[PDB]
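Chemist: got a sequence here, can you model it:
(2 chains, ligands or ions: 4)
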There are 2 protein chains.
Amino acid sequence: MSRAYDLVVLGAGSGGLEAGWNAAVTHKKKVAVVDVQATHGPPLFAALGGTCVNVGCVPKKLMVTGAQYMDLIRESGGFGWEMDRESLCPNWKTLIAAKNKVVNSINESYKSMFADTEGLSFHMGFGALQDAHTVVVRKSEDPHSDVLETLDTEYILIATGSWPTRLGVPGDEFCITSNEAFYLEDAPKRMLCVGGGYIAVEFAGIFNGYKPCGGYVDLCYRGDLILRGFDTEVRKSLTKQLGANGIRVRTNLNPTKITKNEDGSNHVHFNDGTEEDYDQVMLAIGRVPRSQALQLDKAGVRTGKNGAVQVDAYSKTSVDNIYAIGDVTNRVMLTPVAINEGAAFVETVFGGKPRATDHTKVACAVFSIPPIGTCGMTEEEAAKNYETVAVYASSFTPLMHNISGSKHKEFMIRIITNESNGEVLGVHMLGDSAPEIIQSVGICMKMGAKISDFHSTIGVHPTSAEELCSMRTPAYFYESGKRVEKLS
Amino acid sequence: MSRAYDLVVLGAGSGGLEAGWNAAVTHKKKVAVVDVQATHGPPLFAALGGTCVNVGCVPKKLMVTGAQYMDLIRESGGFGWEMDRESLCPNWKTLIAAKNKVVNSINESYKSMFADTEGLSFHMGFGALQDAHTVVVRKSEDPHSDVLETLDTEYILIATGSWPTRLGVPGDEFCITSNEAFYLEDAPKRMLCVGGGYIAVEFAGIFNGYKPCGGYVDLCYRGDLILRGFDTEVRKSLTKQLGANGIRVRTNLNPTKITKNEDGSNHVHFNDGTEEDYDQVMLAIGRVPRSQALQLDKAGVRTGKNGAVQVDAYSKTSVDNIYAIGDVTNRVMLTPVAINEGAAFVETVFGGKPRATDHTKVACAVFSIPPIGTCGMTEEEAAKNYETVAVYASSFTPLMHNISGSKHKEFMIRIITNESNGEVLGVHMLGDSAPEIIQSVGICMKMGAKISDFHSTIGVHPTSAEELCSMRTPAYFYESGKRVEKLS
Ligand SMILES: Cc1cc2nc3c(=O)[nH]c(=O)nc-3n(C[C@H](O)[C@H](O)[C@H](O)COP(=O)(O)OP(=O)(O)OC[C@H]3O[C@@H](n4cnc5c(N)ncnc54)[C@H](O)[C@@H]3O)c2cc1C
Ligand SMILES: Cc1cc2nc3c(=O)[nH]c(=O)nc-3n(C[C@H](O)[C@H](O)[C@H](O)COP(=O)(O)OP(=O)(O)OC[C@H]3O[C@@H](n4cnc5c(N)ncnc54)[C@H](O)[C@@H]3O)c2cc1C
Ligand SMILES: CCN(CC)CCOC(=O)c1ccc(NCCC(=O)c2ccc([N+](=O)[O-])cc2)cc1
Ligand SMILES: CCN(CC)CCOC(=O)c1ccc(NCCC(=O)c2ccc([N+](=O)[O-])cc2)cc1
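Modeler: Numbers count the residues shown, from 1 in each chain, chains lettered A, B, ... in the order given. Ligands and ions are numbered 1, 2, ... in the order given. Let me share the structure:
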């Protein structure tokens, strides 16, 4: 009844790698972690540290940080910074160069974690399930290939994460995704970003910031308005400010045919039936769970709609000893969630006294050219699920953009309460510093905060943030139905 | 028993001007507001809108916004922004030019407020008290001079604010203050900022950002460490990062003699007994209340230490009908406070049901080269006033500054709880976006938040802010006395 390892993790992911460390250090279990790579190389993109550290949130943010400098360089002129204006385009070489260095140094950090840690062991391969207690480790994703190790274990945790969705049409093979986008040769001049997910809109921002001289970027969404699930007024204001920063947004539009020209570039045929050339199209259609190879069938774990592992509120699967977390499960699909989900699993199983991860009122951000910070319910949902909701709102252009001449940069806020009790159901912010503000906002909404607590708090004179504490008069209400004013 | 005006305000200040409007609009009282000026001119520096709008927080912030671009221009290089490096100094002309335009347009905003508003009247002069119900309006601060109006009123509100303190030594007349600093001719090459108040440290930052090529800035504090009353580790880390950004800090040092040279520049003699030349010395010694001219004696209002008006928790003075708010009172000396103090006065007097302004746990910021955001108690105080306090701390250098090569920019946080109950007594942050974060932090501490609520909240993956929700292990404690660990 004693296995070689107490716990095998399939994926050194933001969520998985956390679980492994927590088990091994606080509780001193014999832990094994499987992944596909040491460092952040292209062929198989993810690695030790997960999709976040290697081909997501971290490098993404560094490139977003880079692309911002376009606007800041431009903006400084107002405050009296005179310099080379003509032909000031940026150097994609030196960005990705210094980017890789950073990501590389984190992978290097993880190597000497495993070395230094008590009974935490890394195993480079492709984790499959043989049964409830046996984890195969092949050298190919191919179930035919050579077998490097056979890990015998009391528990399994599936933290394999997710993979880019692919639009099924002729020409599809010529496109790229977030993954390939991180290791592009040069900055694309003529760029198309297909889709309207937070990935598309960030990267549109990036390529637009790092486009060469003469170049442009188009965004191309299937539907009406980009960013489904966000506050519709933020969504509208963002599409506007992407307009004003160069990103040519197109809606109710989607490619069908792509074919590659003699110069290397790609020719594209659309829904409307127009034709344009781009140096790359990037498919940001979303992300499917990554359970396609693990053989969950063979161990008696079962998967619902399109691969997602069936779990409960304590992350246990169809089998009692097997568990799953983060993007594979399809619950939320963010890092600090997957990290919580994995940390709760350690308190659950190996820590005796259990706990479930709190999926409600999770604050998150979009790192778009002017970024979004959101936490909790929209109008769309709150008006439906609650009796009488009040909607507060206040857009404003900060003092400084009168000088900088980027007068398009309207900072927006909009609180969504339940009028019955005054409880803040959701806060939605668009503008510079929104992701930093929303974090501490999301602490307030965790404590069930009410609009009375917001405006009664004193405020800092010069920050965008203080306009949270100056919202008293609701702009309008939804009264158990559609939009209205305050009836008896 | 019917006066011409219900309420006379002495000072169209951030606090006073608010009171006037609130009375006049929600409650429809006959209101009069006195001030010294329409627009933001030098001779008498303040104006319609107050010290904040005219010669403080607003222009201050615009210049701080300007000076930041020095570092951002520099920093962009890492991310691949190649341009004119050599001799890229800024243009003080175009800053102050565009600054004034902005401030001017706010003064212009206030003119057409008074015009548009029901029974809100502006009166340009120097408000004195003749008695409990009579307000003189002279054309000089001089009590001898001509009398422009005599305002008859049921109530008076003294919101005259504050004025720069002056170090009493030979040469003092050659120096400047925040006030004169806003309308300087050119950027000073060789600058001295005397004092260690938040004003000094901001302006040091400004002149340092806007110094010409070859120039420098010295800060000169009377005592050991700049910024008394802030968290001593933030204070130390800031002095370090001001070092790294060029500001040569000097402590236990203070001038005695100043004398003006044949080229216009000023020669300075110090405590240690060294001699240096500066184009200006700016005295940021602090700010005294501005009750020196009003003749409070004559109306039976009385003033304590160095002019501050004696008030209670509902802002009433030594006389029942007279009140006072903001910097004149000496309670807190910030805008959004003075605004609350003035808004509560309207609920108090004219609104029937009264209220007192909540002076505890007021969040505020310092807009220094890397800024500070603080709310509530330090260790220094909490260890003294509470039984068993725990101190949490976590400094870190953001992902991006590995690329930008400003590796001095360490983001610091340090929560100070009471270990008995886990209540967050104070949060202290140093680094970029600290003032935006602290606002929503100060909402949490208004709701009496506890460190358990902080770390239990989920977190955004890429922001400095999320390191609030990752602090569990206290770094150390004070156990009813000095610094220690956890004894039975
Ligand atoms: C472009 C992009 C930007 C993002 N930005 C953000 C953001 O700003 N904020 C945020 O909160 N979230 C962001 N995310 C989401 C975040 O990356 C994930 O939600 C998070 O990494 C999920 O963690 P996880 O443990 O489920 O799996 P992951 O962290 O995805 O790790 C999965 C690991 O498992 C490995 N693996 C796969 N198959 C196998 C196998 N058979 N055997 C062994 N190992 C295997 C992979 O190589 C990988 O290293 C972003 C994602 C992307 C793609
Ligand atoms: C350089 C600087 C930077 C600052 N930065 C910040 C910041 O970032 N954040 C923050 O919260 N606070 C800041 N402050 C503080 C803020 O300016 C004040 O606390 C706030 O303005 C106080 O409001 P008040 O109503 O008491 O008086 P004030 O707003 O100071 O207004 C006083 C008005 O009364 C007028 N007056 C004077 N004497 C008379 C008289 N006899 N008759 C009629 N009128 C008269 C003056 O002309 C003036 O317009 C700063 C101050 C300075 C000097
Ligand atoms: C019956 C119609 N409902 C969808 C099944 C519409 C539900 O409400 C919407 O308005 C809605 C919701 C989601 C939605 N997709 C999310 C956007 C996205 O990232 C996306 C973009 C393109 C594709 N695509 O494969 O073309 C898919 C998702 C589009 C519209
Ligand atoms: C008995 C000594 N106490 C002061 C009466 C010291 C109390 O604790 C201090 O360490 C302390 C507190 C405040 C303090 N001054 C505030 C700093 C400031 O802005 C200032 C700078 C210069 C002068 N000055 O007139 O030289 C005054 C204030 C200095 C030291």
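Chemist: hmm, the longest helix along chain A touching ligand 1?
Modeler: Of all the elements of type helix in chain A, the one with the most residues (DSSP state H) is helix A:92-116. No. With C-beta under 6 Å from any ligand atom as the criterion, ligand 1 is not reached by helix A:92-116; the gap is at least 10.5 Å. Any C-beta I mention is one placed from the backbone N, CA and C, and that applies to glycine too.
Chemist: residue A:36: how many residues sit nearby?
Modeler: Neighbouring residues of residue A:36 were enumerated by other C-beta atoms under 10 Å in any protein chain shown; the total is 19.
Chemist: now do the phi/psi pair for the closest residue to it other than its chain neighbours.
Modeler: Once flanking residues are discounted, residue A:36 sits nearest to residue A:44: 4.6 Å by C-beta to C-beta, 6 or more residues apart in numbering or on different chains. Comment: the main-chain dihedrals of residue A:44 come out as phi -110, psi 120, following degrees, to the nearest 10.
Chemist: one step back: which other helices and strands does the longest helix of chain A contact?
Modeler: For helix A:92-116, the helices and strands in contact under the criterion 3 or more C-beta pairs under 8 Å, 6 or more residues apart in numbering or on different chains; DSSP states H and E are helix A:50-55, helix A:57-79, strand A:120-124, helix B:57-79, helix B:401-404.
Chemist: work out the gap between the shortest one and the centre of the chain.
Modeler: Averaged C-alpha coordinates place helix B:401-404 at 31 Å from its chain's average position (C-alpha atoms, centre = their mean, to the nearest Å).
Chemist: ok, now the first one?
Modeler: Distance of helix A:50-55 from its chain centroid, counting by C-alpha atoms, centre = their mean, is 11 Å.
Chemist: isn't residue A:293 right next to residue A:138, touching?
Modeler: No. Contact status for residue A:293 versus residue A:138: not in contact, 9.2 Å apart, counting by C-beta atoms under 8 Å.
Chemist: buried residues, stretch A:285-299. List them.
Modeler: Buried residues in stretch A:285-299, counting neighbours by 16 or more other C-beta atoms under 10 Å in any protein chain shown, are found at A:285, A:287, A:288, A:289, A:290, A:291, A:293, A:294, A:296, A:299.
Chemist: grab the nearest non-local neighbour of whichever residue of the stretch 151-300 of chain A sits closest to ligand 1.
Modeler: Nearest to ligand 1, among the residues of the stretch 151-300 of chain A, is residue A:161, at 2.5 Å (C-beta to the nearest ligand atom). Distance criterion C-beta to C-beta, 6+ apart; nearest residue to residue A:161, sequence neighbours excluded, is residue A:327 at 4.3 Å.
Chemist: helix, strand, or coil at that neighbour?
Modeler: Under DSSP: H, G, I helix; E, B strand; the rest coil, residue A:327 falls in the helix class.
Chemist: quick check, it in contact with residue A:291.
Modeler: No. Under the criterion of C-beta under 8 Å, residue A:327 lies out of contact with residue A:291, with a separation of 10.2 Å.
Chemist: that older thread, single out the most deeply packed of the helices and strands packed on helix A:92-116.
Modeler: With neighbours defined by mean count of other C-beta atoms under 10 Å in any protein chain shown, none of the helices and strands packed on helix A:92-116 is more surrounded on average than helix A:50-55, at a mean of 26.
Chemist: contacts for it?
Modeler: The contact list for helix A:50-55, computed with C-beta atoms under 8 Å, 6 or more residues apart in numbering or on different chains, reads A:11-17, A:40, A:45-47, A:56, A:58, A:103, A:106-107, A:161-162, A:178-179, A:182, A:327, A:335, B:461.
Chemist: helix or strand right after the lengthiest strand in chain A?
Modeler: Residue-count comparison of every strand in chain A, with assignments taken from DSSP state E, identifies strand A:147-158 as the longest. Later in the chain than strand A:147-158, the nearest helix or strand by DSSP states H and E is strand A:162-164.
Chemist: next structured bit after that following strand?
Modeler: Scanning forward in sequence from strand A:162-164 by DSSP H and E, the next helix or strand is helix A:178-181.
Chemist: so is that following helix next to ligand 3?
Modeler: No. Residues of helix A:178-181 contacting ligand 3 under C-beta under 6 Å from any ligand atom: none, with a closest distance of 12.9 Å.
Chemist: helices or strands up against that helix?
Modeler: Using 3+ C-beta pairs under 8 Å, 6+ apart as the contact test, the elements touching helix A:178-181 are helix A:198-210, strand A:280-283.
Chemist: sheet partners, orientation included, of whatever helix or strand comes next after it?
Modeler: Toward the C-terminus, helix A:178-181 is succeeded by strand A:190-194 as the next helix or strand (DSSP H and E). Strand partners for strand A:190-194, identified by DSSP bridges, are recorded as strand A:216-220 (parallel), strand A:280-283 (parallel).
Chemist: is it possible to export the ones you listed to TSV including mean neighbour count?
Modeler: Output for those, formatted as TSV (neighbours: other C-beta atoms under 10 Å in any protein chain shown):
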stretch	mean neighbour count
strand A:216-220	23
strand A:280-283	23
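Chemist: what about residue A:306, neighbour count?
Modeler: Around residue A:306 sit 11 other residues, with neighbours defined as other C-beta under 10 Å.
Chemist: that one contacts residue A:288, correct?
Modeler: Yes. The pair formed by residue A:306 and residue A:288 meets the contact definition of C-beta under 8 Å, at 5.9 Å.
Chemist: distance of the residue most central in space within chain A relative to residue B:324?
Modeler: The centroid of chain A falls nearest to residue A:334 when counting by C-alpha atoms, centre = their mean (5.7 Å). Noted for residue A:334: a distance of 51 Å to residue B:324, by C-beta to C-beta, to the nearest Å.
Chemist: just confirm residue A:216 contacts residue A:187, I think it does.
Modeler: No. With contacts counted by C-beta under 8 Å, residue A:216 stays clear of residue A:187, the gap being 11.9 Å.
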